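Engineer: To get the numbering used here, take the position in the sequence shown, counting from 1, and add 139. Using N, Cα and C, we set each Cβ at its ideal position, and we do this for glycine too.
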Amino acid sequence: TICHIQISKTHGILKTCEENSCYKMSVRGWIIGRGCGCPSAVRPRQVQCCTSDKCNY
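#1: Reducing DSSP to helix, strand and coil, say where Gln-187 ends up.
#2: With C-beta atoms as the reference, is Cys-194 less than 8 Å away from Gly-174?
#3: Within the continuous beta strand (DSSP E) that includes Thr-155, where are the two ends?
#4: If you check the beta carbons only, do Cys-177 and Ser-160 fall under 8 Å apart?
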């Protein structure tokens with residue numbers, strides 16, 4: 140799956156993942172990561188997982 144990747148001061152970067160899922164990880168609304176796969180996380184860490192190209196916007 141093609142996923143949005145989080146890189147400091149660099150927007151629009153995508154990665155062709157071997158994984159079927161993409162994720163967006165946040166704390167208090169602040170994005171701490173965006174990438175390949177679906178990682179596990181407990182409060183205050185919130186994960187949004189999806190399985191389609193560019194889904195983790």
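Structural biologist: In short:
#1: Position 48 of the sequence shown, counted from the start, is the residue given in the question as residue 187. Three-state result, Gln-187: strand.
#2: Residue 194 sits at position 55 when you count from the first residue of the sequence shown. Residue 174 sits at position 35 when you count from the first residue of the sequence shown. No; because the gap between Cβ atoms is not below 8 Å, this pair is not in contact.
#3: Reading the sequence shown from its first residue, position 16 is the one you call residue 155. In the DSSP assignment, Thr-155 falls within the unbroken beta strand (DSSP E) covering 153 to 155.
#4: On the sequence shown, residue 177 is found 38 positions in, with the first residue counted as 1. On the sequence shown, residue 160 is found 21 positions in, with the first residue counted as 1. Result yes, Cβ atoms of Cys-177 and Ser-160 sit closer than 8 Å.
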